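Order of listing sets the numbers, starting from 1, for every ligand and every atom in it. Along the sequence shown, the residues carry numbers beginning at 1.
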Amino acid sequence: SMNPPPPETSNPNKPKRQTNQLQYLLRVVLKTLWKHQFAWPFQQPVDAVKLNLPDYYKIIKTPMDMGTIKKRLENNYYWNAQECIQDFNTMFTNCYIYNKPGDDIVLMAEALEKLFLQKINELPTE
Ligand SMILES: CO[C@H]1CC[C@H](n2c([C@@H]3CCCC(=O)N3c3ccc(F)c(F)c3)nc3cc(-c4c(C)noc4C)ccc32)CC1
């Protein structure tokens, strides 16, 4: 099987706005997770061809990753902060769907998710 194309990251037909919460999601939340020791597997779409995982995209139909999330933020793809938070959650739960619970990559995603939730609790008002 081929890989699917990556998720859309820009849509000129979607309205665009800057908000304090979206800026925080980019400049603090995403940046902190990006620099975490376990970030590398989550920095781009899963290359199931390279990883020899022919069933990945048979099981995962809503792929999401931090490279896509960051591009979405940079392209003003999200109107509401909750849309971005949803994509982070999708990334984590995809890992928990595809992989067996004791697997190293699941433990790594759990560590990233714990830090994510801490940073989301510091989201500013507005
Ligand atoms: C830019 O090149 C990429 C970097 C991440 C590489 N990678 C790796 C590399 C190569 C394969 C073996 C290995 O140990 N990897 C690795 C290497 C260094 C790390 F710091 C690390 F956390 C993992 N493992 C990946 C696992 C996943 C994954 C996700 C997310 N959900 O389910 C699975 C399976 C995704 C990517 C993985 C694949 C090539």
task: Output every pair passing ring pair (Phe, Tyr, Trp, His ring centres under 6.0 Å) with a member in residues 39-87, not counting sequence neighbours, ordered by first then second residue.
output: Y56-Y98
- prompt: Can you pull the ring pair (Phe, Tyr, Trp, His ring centres under 6.0 Å) pairs that have at least one residue in residues 107-126, sequence neighbours excluded?
  reply: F88-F116, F92-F116
query: Does a donor on one side chain and an acceptor on the other come within less than 3.5 Å for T90 and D87?
result: no
task: Sequence neighbours left out, what passes side-chain hydrogen bond (donor to acceptor under 3.5 Å, both in side chains) with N121? Give chain and number order.
output: none
message: Please determine whether salt bridge (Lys or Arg N to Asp or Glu O under 4.0 Å) holds for the pair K71 and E74, giving the CA-CA distance in whole Å, both sets of side-chain angles, and the decisive distance to 0.1 Å.
response: CA-CA 5 Å; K71 286 178 180 176; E74 303 280 7; over 6 Å; no
Under 3.5 Å: N or O atoms of ligand 1 paired with protein N or O:
residue, atom, partner, partner atom, Å
ligand 1, 32 (O), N99, ND2, 3.1

query: Is it the case that one hydrophobic cluster holds both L107 and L115, taking links as side-chain heavy atoms less than 4.5 Å apart, direct or via other members?
result: no
